[PDB]
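Below: the structure, in structure tokens.
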Amino acid sequence: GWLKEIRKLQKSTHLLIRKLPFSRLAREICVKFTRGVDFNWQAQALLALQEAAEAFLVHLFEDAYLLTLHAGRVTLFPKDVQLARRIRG
Amino acid sequence: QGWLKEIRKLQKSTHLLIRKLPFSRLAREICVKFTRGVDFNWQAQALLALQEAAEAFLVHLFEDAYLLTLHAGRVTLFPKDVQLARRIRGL
Amino acid sequence: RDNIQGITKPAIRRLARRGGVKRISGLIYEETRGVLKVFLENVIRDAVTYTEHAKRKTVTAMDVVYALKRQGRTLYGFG
Amino acid sequence: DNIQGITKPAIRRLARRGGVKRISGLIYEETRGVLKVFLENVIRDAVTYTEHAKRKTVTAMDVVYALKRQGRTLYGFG
Amino acid sequence: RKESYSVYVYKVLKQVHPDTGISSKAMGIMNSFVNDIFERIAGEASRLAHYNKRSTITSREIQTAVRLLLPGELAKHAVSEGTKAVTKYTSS
Amino acid sequence: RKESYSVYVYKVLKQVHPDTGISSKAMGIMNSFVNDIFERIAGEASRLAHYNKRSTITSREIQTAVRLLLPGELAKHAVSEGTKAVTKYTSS
Amino acid sequence: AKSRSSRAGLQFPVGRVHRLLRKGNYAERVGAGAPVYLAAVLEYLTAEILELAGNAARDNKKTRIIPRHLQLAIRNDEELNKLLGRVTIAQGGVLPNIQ
Amino acid sequence: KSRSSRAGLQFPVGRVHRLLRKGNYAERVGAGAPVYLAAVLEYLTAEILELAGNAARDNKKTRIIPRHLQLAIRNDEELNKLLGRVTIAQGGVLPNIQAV
DNA sequence: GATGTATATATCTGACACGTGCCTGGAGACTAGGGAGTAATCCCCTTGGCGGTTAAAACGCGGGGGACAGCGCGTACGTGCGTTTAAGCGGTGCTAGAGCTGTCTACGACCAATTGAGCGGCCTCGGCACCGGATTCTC
DNA sequence: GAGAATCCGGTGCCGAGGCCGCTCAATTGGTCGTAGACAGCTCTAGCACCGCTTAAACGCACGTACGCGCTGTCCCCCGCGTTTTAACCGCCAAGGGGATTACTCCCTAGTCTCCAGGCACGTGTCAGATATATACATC
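Just so you know, the protein sequences line up as chains A, E, B, F, D, H, C and G, in that order.
Under the entry's author numbering, think of the first position of the first sequence as 46, with each following residue one higher.
Under the entry's author numbering, think of the first position of the second sequence as 45, with each following residue one higher.
Under the entry's author numbering, think of the first position of the third sequence as 23, with each following residue one higher.
Under the entry's author numbering, think of the first position of the fourth sequence as 24, with each following residue one higher.
Under the entry's author numbering, think of the first position of the fifth sequence as 33, with each following residue one higher.
Under the entry's author numbering, think of the first position of the sixth sequence as 33, with each following residue one higher.
Under the entry's author numbering, think of the first position of the seventh sequence as 14, with each following residue one higher.
Under the entry's author numbering, think of the first position of the eighth sequence as 15, with each following residue one higher.
Take a look at the structure:
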């Protein structure tokens, strides 16, 4: 079932989060930390944010899934993600 | 009981939990194997410095690795826990 | 109007399949939407500072590369 | 020997400081193992500084600088 | 002949506390504290003299280095105190 | 007017490989590789000009920085290759 | 005939920081207003951590600061724990932390 | 007569010496250092690109793409410890599958 | 055994390896002055050892405490499938914004005299560490 | 409902803070080159939007694969008491080399001058991308 889905996604390299929702999220979060000022992201830097966010989330879910196989689970509960951040610090 | 008193006692004082001369002989044995032939002088404060770093590192490692035994429902550590705790960080 | 639900219910599933997780639970969809948000603050607040210093309203790629290098997670591919 | 100086009650007190309630038995090997694979990466990263300034004596500042470069910053002993 | 920062920490401690003594070992910790933060900030602000292709270190670069190297509320109090020091330094 | 390290990586690739092409994006990675290692070593050896209270950077400090910044076998090959370059540089 | 810290209204020195910031080779040109600001920042940081340490010192019915008090004053406060994360204070010990 | 060709290198020597003068690293820069530095950088570049080219050859493609550098870094042991805190754009991951 | 699973080629599509012009940063030359490498020295910090004690570690033992294996109920999750909504292409406009080229000025290196702020050595005495004693707490 | 945990007091002891001598490094002051703030102009590349269109998400119905609590079993760390042992304290000798000073010398830095190399620009053309179609691998 899922096994044809993993081995297709660990082969390709393209982005998974779509570009426009991530751009709207970045323009939302950026305007709170600059005292209500807009900015103008270059069209290259949003790719850098998105690549760092994808790499961080993929490494995070790999470590969380390494935690899930320890306790006999296969399912990835929210107890698992909030514990793989306090260990890493 | 007993352990409930020992955790309260050892977390209060700030001593050295490892004896001096075995740790010093271990550090000298490791230092001999690199760039052989010559000996190496150690100042008496440097071995204390390295001992404080090693004790703080091992205490932080056990306190970090213990949280993967309450998570599995167990009470007791295992070498799987310590090796997984080093696997998470990247050391 | 949702503003964080642009991260969808299966985009988290695609990231978990890339990570190699067989079966996601439920409230993960409400958890990851927290964590990502926190991480973006510790880039963007760290990246809006450098572009504030050089009198530029444009947030270039080099600024995000420098902020990610300062956080510890070095990024290479852009510049 | 020269490794069995780190005895069983030594590692036991190192664990009881960390909040560990109940300890297994095989830990007393792996911890010694990881102790060695710590100290090596502090020793040679120290002694290169000792081989740079051409003296036969490892000062305390050399070990502080090796731990500085390693990641775990140490205070006090400077 | 080998200087340190013991006297100044002792003066600050006698300022913000009436008679609280400090041992000769813990004072050493304070040396390795404040020979360290000065290594970060006045190191890292030097990096901001290189990305913008400059050659000076003015107060503005140290201000941005304090905005980076400290968490939120402590950074806000520090940047509020530093310019308060500078303004009464300028009108000497 | 804004230099890079593309031509030299291309020459090394055509040296150790006959016709293996390299894309214009991955070459960019090589730029951010070797504008990075040079930031470490020639940064960190500068620190060894400060602990020993010196003011120069000779070959010996770069040699010790390579002994520090690299793992074992790669560091041994690098220190064996660098002095081999220096000795045929000296007798010019 | 007149001190730099006395114009600064501070307690940490100014000429020593300026001397280190020239001799450290951080930049080839040092602005004049910089080390006063930097010394004020260092004074506020040391004042904050000693102000947090002295309360725990009087909490243990003591008047002489030992490193355990600095360990507790670092680890109990949130923002200093964010700052001094990867630092092992010598002779320090750990927090009382059970279960 | 150039200092690159005099030492038998491929990386430049004058540019590295220019970046060590204007880099604020020490007050004086010797002459025996930057040739050593360029030699070490050339060895590391060849070390990466050999594995990258072999992994590109085994995928039956005559062009180097960042997935190939990702595979060559994460399959090598030494560069796993040298580059252990590095994300790579257009990267991907290793083919990691594990069961219970 | 139909559903993947690998391969032939279609062509088409654009990146890219390459060729040229060209501006400027790297090489040749050489003086000069501080950095330092070598030589000597003397003390000072470390190493080695005698010896005696005393906490501290090693070892049997048994007993409860916990880990592990099976198992039943069930519920929260994957999947199939129609819809409907939002994301991408791509095209236009089109203007704020990087940047970069002069200028002139405040400003910081650079340097001679000079003196007190801070560093080294010393000497208590109160703070504190330890040892012994009197007042609570759960099984 | 009494051995164990907490607070209290007394006494030695030893380092923390006050004090003096002093010296060298920070201050003051006058000089000059220049780094950078400041203004204005010019190309460019990012944002807003819109029409389409269509790929994917959304919502739901349902079957069922794990989550979890329970329980039985068996093994396995911890507390305890005895024996053994090496860590430590204090001393005493001695000596290897760490820190300091002198002195010459040499090697890198600055400035000038000359031109070969590395960068921006432009262009045919092969590498692959995706797409369709067809020969193997399999629960």
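All C-beta atoms in this analysis are idealised placements derived from N, C-alpha and C, irrespective of residue type, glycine included.
Inter-residue CB distance, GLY28 (chain C) and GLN55 (chain E) (contact presumed, cutoff 8 angstroms): About 44 angstroms; that fails the 8 angstroms criterion.
Any 3 or more C-beta pairs closer than 8 angstroms across the region 89-101 of chain A and the region 26-34 of chain F: no
Buried versus exposed call for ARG80 (chain A) [16 or more other C-beta atoms within 10 Å across all chains shown]: exposed
Beta-carbon proximity check, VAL81 (chain B) vs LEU97 (chain B), cutoff 8 angstroms: no
Cβ shell of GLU96 (chain A) (< 6 angstroms), same chain only, five flanking positions each side left out: none
Contact the region 48-59 of chain B vs the region 71-85 of chain B: 3+ CB pairs below 8 angstroms: no
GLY67 (chain G) and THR90 (chain H) closer than 8 angstroms at C-beta: no
Under 9 angstroms (Cβ pairs) to chain G, residues found in the region 87-99 of chain B: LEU90, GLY94, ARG95, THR96, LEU97, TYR98, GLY99
Unbroken alpha helix (DSSP H) run spanning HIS115 (chain E), endpoints: Run containing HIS115 (chain E): none; DSSP gives neither H nor E here.
Beta-carbon proximity list for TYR51 (chain F), same chain, < 7 angstroms, skipping 5 on both sides: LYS31, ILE34
Secondary structure of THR120 (chain E), DSSP reduced to three states: strand
Endpoints, alpha helix (DSSP H) assigned at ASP68 (chain F): 50-75
Simplified DSSP state of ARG79 (chain D), which is helix, strand or coil: helix
Heavy atom of the ligand PLP within 7 angstroms of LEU37 (chain F) beta-carbon: No copy of the ligand PLP appears in this structure; indeed no ligand is present at all.
Chain F contact for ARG88 (chain C) (CB, 8 angstroms cutoff): no
contact_flag[the region 36-47 of chain H, the region 58-66 of chain G] where n(CB pairs < 8 angstroms) is 3 or more: yes
Extent of the continuous alpha helix (DSSP H) to which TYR39 (chain C) belongs: No alpha helix (DSSP H) contains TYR39 (chain C), which DSSP labels as neither H nor E.
Outcome for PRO80 (chain G) when other beta-carbon atoms lying within 10 angstroms are tallied against a minimum of 16: buried
At least three beta-carbon pairs within less than 8 angstroms, the region 22-41 of chain G to the region 48-58 of chain H: no
Test: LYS31 (chain F) CB closer than 8 angstroms to a CB of chain E: no
Where the alpha helix (DSSP H) through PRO32 (chain B) begins and ends: Neither: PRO32 (chain B) is in no alpha helix (DSSP H) and is coded neither H nor E.
Between the CA atoms of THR76 (chain C) and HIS82 (chain C) - distance to the nearest angstrom: 11 angstroms
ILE78 (chain C) - partner residues in DSSP beta bridges: D:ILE54
Beta-carbon proximity of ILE66 (chain B) to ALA71 (chain A), cut-off 8 angstroms: yes
8 angstroms Cβ cutoff, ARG133 (chain E) in contact with chain A: yes
Contact residues within the region 54-86 of chain F, judged by C-beta distance below 9 angstroms to chain H: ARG67, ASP68, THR71, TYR72, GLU74, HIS75, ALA76, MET84, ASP85
Every unbroken beta strand (DSSP E) within the region 48-73 of chain G, with a cutoff of 3 residues, ordered by chain: none
CB contact below 8 angstroms: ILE51 (chain A) versus chain G: yes
Option nearest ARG88 (chain C) by Cα separation, candidates C:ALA52, C:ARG42, C:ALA69, C:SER16: C:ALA69
Backbone secondary structure at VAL126 (chain A) - three-state DSSP: helix
Per DSSP, cross-strand counterpart(s) of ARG45 (chain B): A:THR120
Rounded C-alpha distance that separates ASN67 (chain D) from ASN110 (chain G): 45 angstroms
Outcome for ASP68 (chain B) when other beta-carbon atoms lying within 10 angstroms are tallied against a minimum of 16: buried
Alpha-carbon spacing of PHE65 (chain D) relative to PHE65 (chain H), whole angstroms: 33 angstroms
The region 39-48 of chain F touching the region 110-123 of chain E, judged by at least three CB pairs closer than 8 angstroms: yes
is_contact[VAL107 (chain C), chain E] using C-beta, thresh 8 angstroms: yes
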